[PDB]
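Those protein sequence lines, which keep their order, are chains B and q. Numbered according to the entry's author numbering, the first sequence spans residues 55 to 108. Numbered according to the entry's author numbering, the second sequence spans residues 1 to 152. One structure is given here, and the rest of the page talks about it.
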Amino acid sequence: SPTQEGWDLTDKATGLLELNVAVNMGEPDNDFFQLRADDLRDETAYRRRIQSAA
Amino acid sequence: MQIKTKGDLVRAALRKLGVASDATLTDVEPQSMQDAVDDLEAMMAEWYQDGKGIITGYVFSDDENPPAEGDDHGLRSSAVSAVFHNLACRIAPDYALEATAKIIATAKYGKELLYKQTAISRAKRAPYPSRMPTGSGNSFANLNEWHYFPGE
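Right, dumping it as structure tokens:
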């Protein structure tokens, strides 16, 4: 709030003003990967790949 | 190998036949060489049925190059004997001759050896049919809903 001191404040009545800020968002962060059955190395690795992704 | 060219193959075939060698004082006739090279190219194209026949590494001469003779045949070191024995067998009737029993036997043996490794390679087993399950022992698949084999 602005502030003035005095007795005769004619024609000196201020208005109002409230500022604002803008908040937005970016882009998704993925962990796209490909799972293959019939490998036995993509069977044990997938269970831990999920946790490493998290 | 000292047999590096189609002409080397042809000369070996004529020597096997006993038409133009040094054991017999005969020079390779230039009319015979072109006919034998044409027969070799025909027989090689026949064997290599656009990729679905006997694979030997032989290189077919295009129409661009002037000499069909002088170019490396590109065979492997273990195909030369088979190729030129079969070539002698094929071109023997040109001269009203007949390749002897040893030459015919070696031609058969060589062609079989040519196709042996390819036969082993093509002896492939088809996958499981699309209606065959994976079984519950394949735990990862039957958990992720792959109860059946794809096939094809």
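All C-beta atoms in this analysis are idealised placements derived from N, C-alpha and C, irrespective of residue type, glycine included.
Can you name, in chain order, every residue of its own chain whose Cβ lies under 8 Å from the Cβ of residue i, other than the five neighbours on each side?
i	result
residue 134 (chain q)	141, 142, 146, 147, 148, 149
residue 16 (chain q)	84, 85, 88, 99, 103
residue 2 (chain q)	8
Excluding five sequence neighbours on each side, which residues of the same chain lie with their C-beta closer than 6 Å to the C-beta of residue i?
i	result
residue 100 (chain B)	89
residue 36 (chain q)	10, 91
residue 46 (chain q)	none
residue 32 (chain q)	none
The alpha helix (DSSP H) that contains residue i, what's its start and end?
i	result
residue 143 (chain q)	139 to 143
residue 113 (chain q)	101 to 122
residue 98 (chain B)	98 to 107
residue 93 (chain q)	Residue 93 (chain q) -> no alpha helix (DSSP H), and no H or E assigned at all.
residue 40 (chain q)	30 to 47
Between residue i and chain A, is there a C-beta pair that is closer than 7 Å?
i	result
residue 140 (chain q)	In summary, chain A is missing from the structure at hand, where the protein chains are B and q.
Which residue or residues does DSSP assign as beta-bridge partners of residue i?
i	result
residue 72 (chain q)	q:5
residue 133 (chain q)	q:148
residue 21 (chain q)	q:25
By Cβ distance below 7 Å, which residues in the same chain neighbour residue i in space, the five residues on each side in sequence not counted?
i	result
residue 75 (chain q)	56, 57, 58, 83
residue 58 (chain B)	66
Review point. Quick one: any contact between the stretch 80 to 88 of chain q and the stretch 10 to 21 of chain q, if contact means 3 or more CB pairs under 8 Å?
Key: Taking a cut-off of 8 Å on C-beta distances, the stretch 80 to 88 of chain q touches the stretch 10 to 21 of chain q, as three or more cross pairs fall below it.
Check your understanding: For the 8 Å Cβ check, are there 3 or more pairs between the stretch 50 to 69 of chain q and the stretch 19 to 37 of chain q?
Key -> As far as the Cβ criterion goes, the stretch 50 to 69 of chain q touches the stretch 19 to 37 of chain q, which means the pair count is three or higher.
Point to revise | Residues of the stretch 86 to 97 of chain B whose Cβ lies closer than 7 Å to any Cβ of chain q, in chain order | key: Within the stretch 86 to 97 of chain B, the residues whose Cβ lies closer than 7 Å to some Cβ of chain q are 91, 97, listed in chain order.
Check your understanding: Using 8 Å as the threshold, is the stretch 50 to 60 of chain q in touch with the stretch 104 to 121 of chain q, meaning 3 or more CB pairs across them?
Key -> In short, these stretches touch, since the Cβ pair count reaches three.
Review point. Using Cβ-Cβ distances below 9 Å, what residues of the stretch 118 to 150 of chain q are close to chain B?
Key: Those residues of the stretch 118 to 150 of chain q that come within reach of chain B (Cβ to Cβ, closer than 9 Å) are 134, 138, 139, 140, 141, 144, 146.
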